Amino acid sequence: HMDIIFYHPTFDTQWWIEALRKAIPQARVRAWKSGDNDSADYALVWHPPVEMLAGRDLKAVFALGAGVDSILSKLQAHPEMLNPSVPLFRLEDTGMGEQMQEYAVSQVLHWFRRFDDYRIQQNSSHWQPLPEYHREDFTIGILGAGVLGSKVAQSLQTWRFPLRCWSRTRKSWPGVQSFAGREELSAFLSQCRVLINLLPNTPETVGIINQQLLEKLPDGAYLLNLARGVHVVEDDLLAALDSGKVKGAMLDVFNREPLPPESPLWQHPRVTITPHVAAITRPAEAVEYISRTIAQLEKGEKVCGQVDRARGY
């Protein structure tokens, strides 16, 4: 027997309640409204109001996404929102791994096969085979080597691209050179023909993709930002695009979302924009992960997917 409160600003609240009741039949599930101060054991939230969590000794909070920077930043401004005793969980993969693989593999191959060059030539009705690129010149670097970074690396390794990753701690993936810490970031960047960003938004990573980082990439590099918009200094990226340093950039996330129409990114020739749809939360897989995690918590089984509030992700 448990009480679950649910909040999401836009999802189909009623669908989630019913799906949760089926997956956890002993649970009483309700949508949280302002003024609801009744007891609750678990909270499933996205962009929760401070009032929903403040003062509650919850058994756990589940953030309905892979990123938790919005909740953590709100907790920094409102420390009363989440008691330190409450463990905070996020969605680990739950289908977002495959979605990132689809996105990254498609576009890496797109660039590797020079479909962007052939499109420019097609615009002028110009027929001209181009020299093929070689894998030895197409090392792919993944900023962030976590749940999603590892999935993307694995899918690209299938295609025999040289691979490297960057994180805080060393990784052991065969065939993927692991770089760790700011002290190794420059060496990491020196060979990244394609740079894929899958970092979390933390104070230590804000603005990391800036002029100083971009200039260390090889010439004709490609940028794939699948993480958070604050990671990229957009005016620095535009300068690197205009100078020829970056041959192409595909961006799914931006400092302001929706991306304002005045942004030069919309109409820049070498920029491809998707409206933050790289890896969406699939309700059925999220319900399965949450219900399974709750069962593991009840059985005392060690669990994965817990946020370290001191660490920031």
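In case it trips you up, residue 1 is the first one in the sequence shown, and so on.
When 162-170 is weighed against 211-219, 211-219 comes out higher, by mean CA B-factor as recorded in the entry.
Checked against the record, the higher mean CA B factor of 202-210 and 71-79 lies with 71-79. Within the listed group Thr139, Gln99, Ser243, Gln154, the record reports its top CA B-factor for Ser243. Ranked within its chain, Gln267 lands in the middle third, by CA B factor from the PDB record. When all modelled residues of the chain are sorted by CA temperature factor, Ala43 is found within the middle third. Looking at the C-alpha B-factors along this chain, the one for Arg90 belongs to the middle third.
When the modelled residues of the chain are ordered by their C-alpha B factor, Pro131 lands in the middle third. Sort the chain's modelled residues by C-alpha temperature factor and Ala31 lands in the highest third, per the entry.
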